[PDB]
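Below is one structure, written out as structure tokens; the observations come after it.
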Amino acid sequence: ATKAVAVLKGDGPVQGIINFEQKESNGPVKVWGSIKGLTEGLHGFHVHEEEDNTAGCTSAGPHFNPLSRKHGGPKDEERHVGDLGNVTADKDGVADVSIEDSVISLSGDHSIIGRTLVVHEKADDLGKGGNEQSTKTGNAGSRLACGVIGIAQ
């Protein structure tokens with residue numbers, strides 16, 4: 001029913017294409033996309049904003065979500081939101097995604113509509129080792145693109 005779209009764009013090359021489909025009356029939102037520009041490697045996951053009080057894309061809370069709390073993943077502390085850790089490109093950066101979130105919802109209590117999908121300009125290296133950097137982001141946090149997820153026809 002809800003067919004959202006998010007044409008990555010920012011840095012310049014990063015022209016990923018993420019679309020949100022939910023052809024279900026009681027099913028999760030089939031989230032899947034494909035990046036274009038990155039390079040075969042690791043790149044921080046979307047949903048990562050240190051600070052901001054001006055709003056450049058959206059506006060809700062430039063401090064992640066209280067659902068994930070922390071990057072989580074190997075420690076598993078919550079990561080109930082769109083904060084997993086890091087992904088991986090194909091053989092030319094082309095990073096594709098494919099997940100199904102049901103707990104969340106395009107709109108309502110858990111309105112996901114407004115997720116500034118961006119890519120990090122660095123490799124979290126699945127952890128830098130220290131704390132207070134890679135635990136929240138990936139010792140880099142470099143926002144560029146802004147593939148905001150919005151309803152489309």
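Heads up: the sequence shown at position 47 corresponds to 47 in the authors' numbering, and the numbers run straight through without jumps. Virtual Cβ for every residue (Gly too), placed ideally from N, Cα, C.
CB-CB length for residue i against residue j, believed under 8 Å
i, j, result
"residue 36", "residue 15", "5 Å"
"residue 155", "residue 42", "Only positions 1 to 153 of the chain appear in this structure, which leaves residue 155 out of reach."
"residue 136", "residue 70", "6 Å"
Test: residue i CB closer than 7 Å to a CB of chain C
i, result
"residue 84", "Given the protein chain composition of this structure (a single chain), no chain C is represented."
Same chain, Cβ closer than 7 Å to residue i, neighbours up to 5 away in sequence not counted
i, result
"residue 144", "10, 11, 14, 118, 119 and 121"
"residue 142", "120, 121 and 122"
Helix, strand or coil at residue i [DSSP, three-state]
i, result
"residue 23", "coil"
"residue 117", "strand"
"residue 65", "coil"
"residue 127", "coil"
"residue 135", "coil"
"residue 44", "strand"
DSSP beta-bridge partners of residue i
i, result
"residue 33", "18 and 97"
"residue 111", "105"
"residue 140", "DSSP lists no partner for residue 140."
"residue 5", "19 and 150"
"residue 53", "Answer is none; residue 53 lacks a bridge partner."
Residues near residue i in its chain [Cβ-Cβ closer than 8 Å; skip 5 each side]
i, result
"residue 91", "40"
"residue 25", "1"
"residue 73", "79, 84 and 85"
"residue 106", "2, 4, 20, 22, 29, 112, 113 and 151"
"residue 51", "62 and 63"
"residue 140", "44, 120, 121, 122, 123 and 124"
"residue 60", "114"
"residue 130", "139"
Close beta carbons around residue i, own chain, < 6 Å, minus the five adjacent residues each side
i, result
"residue 146", "10, 57, 116 and 118"
"residue 102", "28"
Exercise for review: Could you tell me whether the stretch 75 to 86 touches the stretch 46 to 56, using the rule of 3 or more Cβ pairs below 8 Å?
Suggested key: At 8 Å Cβ cutoff, the stretches touch.
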